[PDB]
Each structure stands twice: as C-alpha cells, then as structure tokens.
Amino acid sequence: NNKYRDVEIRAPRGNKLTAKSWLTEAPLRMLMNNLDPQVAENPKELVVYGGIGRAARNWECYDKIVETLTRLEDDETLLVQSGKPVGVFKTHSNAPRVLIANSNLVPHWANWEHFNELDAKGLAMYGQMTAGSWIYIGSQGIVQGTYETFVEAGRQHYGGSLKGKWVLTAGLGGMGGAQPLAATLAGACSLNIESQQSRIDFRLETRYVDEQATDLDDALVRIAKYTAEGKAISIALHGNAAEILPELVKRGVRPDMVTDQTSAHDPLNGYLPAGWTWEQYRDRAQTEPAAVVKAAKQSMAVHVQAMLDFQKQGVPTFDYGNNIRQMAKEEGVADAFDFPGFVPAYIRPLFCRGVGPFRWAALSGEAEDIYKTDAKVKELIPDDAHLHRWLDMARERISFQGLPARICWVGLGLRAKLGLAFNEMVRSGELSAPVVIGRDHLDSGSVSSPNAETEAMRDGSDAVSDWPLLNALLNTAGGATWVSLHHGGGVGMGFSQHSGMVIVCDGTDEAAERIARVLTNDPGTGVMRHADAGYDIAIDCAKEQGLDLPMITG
C-alpha cells in the first residue's frame, strides 16, 4: 500500500506531453487533477470525495498507474481493477486506452462489512462515481444538478424563484459543498450544517458558501434577516445535523425546503454520530467498527425522523442520494421513505431527454480555454435562455478548482454537437490544448440505483442494472477514451451499479468519428432506458432524435 503520502499532486499543464499521446496523457492528467489540493477532499490519503472515494487503491498502485500510463501505446489498453493497474492488453486505436472496474462485489457479499474485510487485505478501493474514474472537477460537477433540483422544487412548490425562502441541509463535503451555492443561484438563502470546521473552511476558500454563523441562534438571526431582505445568502453552521435538525423541529422553526447530503451512504466513515467529534469517530472506527456503524445509523434514524417531522408540517423534503432513508429504515424508522428521492420528485424529466451532468475540462490548464468553450456553447445553442443564464452564473460565481472545467447540462443531440465543435476548436488552435468530455455516473443511461436515480420507475424496473452495463459496453465499442464500471457510488455498497465514460477531443479526424457516435450513443442509452420504462417524454425524444429502438420504433 501505504495510503498516506505527504505530497501535493496537480495535473501537468500546457501542451507538452509526458505520456506517448494525448489519449494517454488525458487520463494521466485527470487522475492527477482528481488529487489536486484545490479539488480533492483528502488527497494525501488518495481520497477525492464521498466518504472514502479514492482515485487509486494505495500509493504503490498510484505510482504504477502513472508509470504505466506514461508508457502505454496507442493500440494498448490498461485494465484498472479497484484502483490497481492489473494488465495491459493489445486492442486498437479506436478502443478505450483504459478500462476501469471499481468496487464490484458479487451481490450476496455487496456490503460495507465485506468491502472492509477486503480493504484490510489490500484488495479493495471505493470508486464512488468519478473518484476512481478520474473525471471529478471539484464541487462544480454536481452544482448544476443541485441547482436544477432546487429550481424545480421551487417551481413545484413556490412559483419558481426561491427569493425570500431558505433551504435547510447538511454536509459541506466535496459534493455537499455545492448545496449552498446552488441554493444561492436558485434565489434562496440556506442554512448548511457541517461537523468539520476544515470543510467549512474549504467551502469558504472555494467561494461555495458565504458565511459562518457563531451558533444556532445566530444562524437563525441571519436567515431571518436575509430572507426578509430578499437576499440569497448561504450560511454554514458548525455542528451535527442529528442534533440540530431535531432541535429545530422542537423550536417549531420552519424552513422552506429540507434535504441532506452528509455521507450517510457509509456509516463507518461518512456520518458523525450525535455527540461525537470527528476525531473520536475516526479513531473508534478502527477499534470498534460495528459499534460505530450502529451509533451512526441510530443518529441517522433521529435525523430522518426530524426530516419526516418537517414534512408533516408541509415542508418540501427530499432525499438527495446519500441513502439516509435506507439507513434509518434499517434502524426502525419504518416510514423513512415517506419523503421522495430528488430524481422521481424533480429531475427525472431531464433524464428522459438524456440531459444530465455533461462536463468538460481544459487539459491545458488555461481558464480562457473554458471561456472560449462557454462562448461556443452559446453560439450553438442560441435560443435556450436558461442554459445561457447557467453559463453566465458559472462564469460569475463558480471559481475553477484544479484544471479549468465546466458543468453544463445538455442532452441527446446537443452533446455530440458540442463535442464535435470543441474538437474543431482544438484542431484550429482556438483552444490551446485538447479537452476531455465526460460526465458524472449520475446520468440518464448510466446508473441503476433504486434509492436514488432509478427510484420509483413507473414500470417497477428500479433495480434492473442491465442498463449501465450495456452503456459501458457500448461506450467501449464506440471509442470513448476510458470507460468505467463501478458499484456503490452515491448510495453505498449494495445499492447502485453505474458506468462512466470520458472522451478526448484532440482535434483529429479520428477523434471526430469517435465523438460523433459516442456522444450520440451515451445519452441515447438513457433516452432508450426511459423509453423502455414507458415515459412518453422519453419516447417523444427518441422519435425526435431518430433513435433505433426495435421494440418501440420497429
């Protein structure tokens, strides 16, 4: 192993290569970017986000991945198995250069206890979604999704804009840290409970949260003031959600929306029991992990009961993909699922058109490369004012972390248009170096997760996981530059299966042929999957886009 190394890693910048080609330089740079101190939550331990989501299994494996990517030939493919470079095989230049499979366990053994047994033997690594597949871009990766969720909740419950309203939530980790800024962009104030001061500080440093209250009473004074003024200000409060949310219910405080984004998906590592310190928690997880898991899950039950109590008061309440309802249910809160997941409640119609967390990064390191792509997106999508406003807010309010990157939700049809245009900007020298195009594994065709993205599918097919497997096979066949299959991202061991893809735009004609089919097929599989489930909006999209769906179009 070892899993601690006191080094600062950053992606190399500019146009000169360390690896043999841009197709192998790209995953090299994106692996290193996943560990950049401005990007990752705890990169000296290889941790990117999401509990113990890691970029490589241990530091020996990291070193060997870098060494191997550096020498990999253009007709060779590296296999990464739970963060370990296990084999290099001959393929061809239009296949992926890296195939990644992280954290997959045969289902009867797919649980944290067995994962932790394997980890102790040096046999495991949790990939999360984008940690082990090298496409994490800091809090920006999720911020548009969290904004779209808050906007749609506002449209359903409050007439759209959240001006004068406030969101109550918890968790200011890598992904959770997007919540305050997303709320602000949606027009709302927010109170964001976080148990570690260093995480509040990271969100302040990256300008994802605005201020820190001195205590709960002071936080409520600020929320009362800013909402009365119609300001949209995010407030962090250092504390424990499982103590504060029940206290807020006892006080009859009524937020306008309630959710949670603590790392409840991993009770041993990601969720602080009430009354404990993070330091006690980390230490006791090593001596008495069973007792720590039970204490964490008991506090999750208290926390979810508070969420249910807000909901009974008429407050819009939803689960944001961290499996907390499941944990509470296992601890006796039999009605934990009385509030819905964010996807069936708010986001699923976007997935039905293949819209999701499409993203790209400038391997050059140059901010202006992303600003030039933003301008190109506006030229190619001239009549979508919501999207133009998103890109304006991103430019004005999202500061880059590590390599400049952009989140921009778009769906089937436009993803390929954008990717081909970016490839041509690389060819012409408008862009100073190639760019990579990817996405979260949360996307319309790439995830099965019955307590998150596939909760409450109208046909009952929540648990069917053929679809992400087919998505990864098809990305490999079409020519993505690296393809990944992961288990347990988001919701934890046992609860999801999902796929990732990244494709490099290096300005070549060969890349253009791959891009045209890969960025059609990847969102196409999500429209297909939702059309199969019988969503009329997905069937309409399939017809509009000319998809060939034999059981539907013949």
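A residue's number is simply how far along the shown sequence it sits, counting from 1.
Set 525-533 against 503-511 and average the Cα temperature factors; 503-511 ends up higher. Taking the mean C-alpha B-factor of each stretch as recorded, 315-323 and 287-295 are not equal, and the higher mean is that of 287-295. As recorded in the PDB entry, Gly275 shows the highest C-alpha B-factor of the residues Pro468, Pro404, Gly275, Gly173. As recorded in the PDB entry, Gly230 shows the highest C-alpha B-factor of the residues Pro96, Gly270, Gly230, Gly354. When all modelled residues of the chain are sorted by CA temperature factor, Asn33 is found within the middle third. Compared with the other modelled residues of the chain, the Cα B-factor recorded for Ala516 ranks in the highest third. Among all modelled residues in its chain, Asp215 ranks in the highest third by Cα B-factor.
Annotation for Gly429: C-alpha temperature factor in the highest third relative to the rest of the modelled chain, per the entry.
The PDB entry assigns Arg71 a C-alpha temperature factor belonging to the highest third of its chain's modelled residues.
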